[PDB]
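Q: Generate coordinates for the sequence data below:
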Amino acid sequence: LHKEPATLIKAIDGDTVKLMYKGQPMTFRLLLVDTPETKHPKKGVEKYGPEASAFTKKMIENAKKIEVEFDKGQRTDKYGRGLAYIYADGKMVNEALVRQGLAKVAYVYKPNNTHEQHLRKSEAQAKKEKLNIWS
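A: Residues are numbered from 1 along each chain as shown. Next up is the structure itself:
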């Protein structure tokens, strides 16, 4: 796998961000994680949704360098969103959310699961620490 540079356009939700990638605006879905929603297809504004969304936003808005890392499977979902690991100054946003108990590890689909174990370890620690989602 390898990291490419992107530029923030707009943060949309805890799990979705708009980036400029290779010259074009693109919506990215964060791989392997489910955050609570502020714009949920059915519910609405779920609990910890606003805090997951401010965390993604702050972490990416305050970065010097954003990079996108695709996995080895398909790179877009059926809504045309890019599927990627996102890095703010070298720190994976997907893992930061899970480590903080602001996201769960999602239902996984091979072969888009390279960082699955790593994230699952972070979720286990957030759980043991009773953070946010887990309190």
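
Q: ok, the spatially most central residue of the chain to residue 130 distance?
A: Nearest to the geometric centre of the chain sits residue 30, at 3.3 Å (Cα atoms, centre = their mean). Residue 30 is 23 Å from residue 130, where distance means Cβ to Cβ, to the nearest Å. Quick note: C-beta positions are derived from backbone N, CA and C, even for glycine.

Q: now swap in residue 74 and tell me
A: Distance from residue 74 to residue 130, by Cβ to Cβ: 35 Å.

Q: do the same with residue 16
A: On the measure of Cβ to Cβ, residue 16 and residue 130 end up 27 Å apart.

Q: The two - which one has more neighbours?
A: When neighbours are counted by other Cβ atoms under 10 Å, residue 16 and residue 130 differ, and residue 16 comes out ahead with 19 against 10.

Q: What values do phi and psi take at that one?
A: Per-residue torsions, residue 16: phi -130, psi 130 (degrees, to the nearest 10).

Q: just use 2 as the starting number from now, easier for me
A: Taking 2 as the first residue, the last one we looked at is residue 17.

Q: Give the full set of residues in contact with the spatially closest residue to it that is not a sequence neighbour.
A: In this structure, residue 17 finds its nearest non-sequential neighbour in residue 30, 5.6 Å apart by Cβ to Cβ, 6 or more residues apart in numbering. Taking Cβ atoms under 8 Å, 6 or more residues apart in numbering, we find residue 30 in contact with 16, 17, 78, 80, 82, 83, 84, 85.

Q: Distance-wise, check residue 40 relative to residue 3.
A: Distance from residue 40 to residue 3, by Cβ to Cβ: 31 Å.

Q: Which one's more surrounded, the two?
A: Per other Cβ under 10 Å, whichever of residue 40 and residue 3 has more neighbours is residue 40, with 12 against 7.

Q: how near is the more buried one to residue 60?
A: 19 Å.

Q: go on, residue 19?
A: Taking Cβ to Cβ, one finds residue 19 at 15 Å from residue 60.

Q: And residue 91, by the same measure?
A: If you go by Cβ to Cβ, the gap between residue 91 and residue 60 works out to 12 Å.

Q: One more: residue 97?
A: In terms of Cβ to Cβ, residue 97 sits 6 Å off from residue 60.
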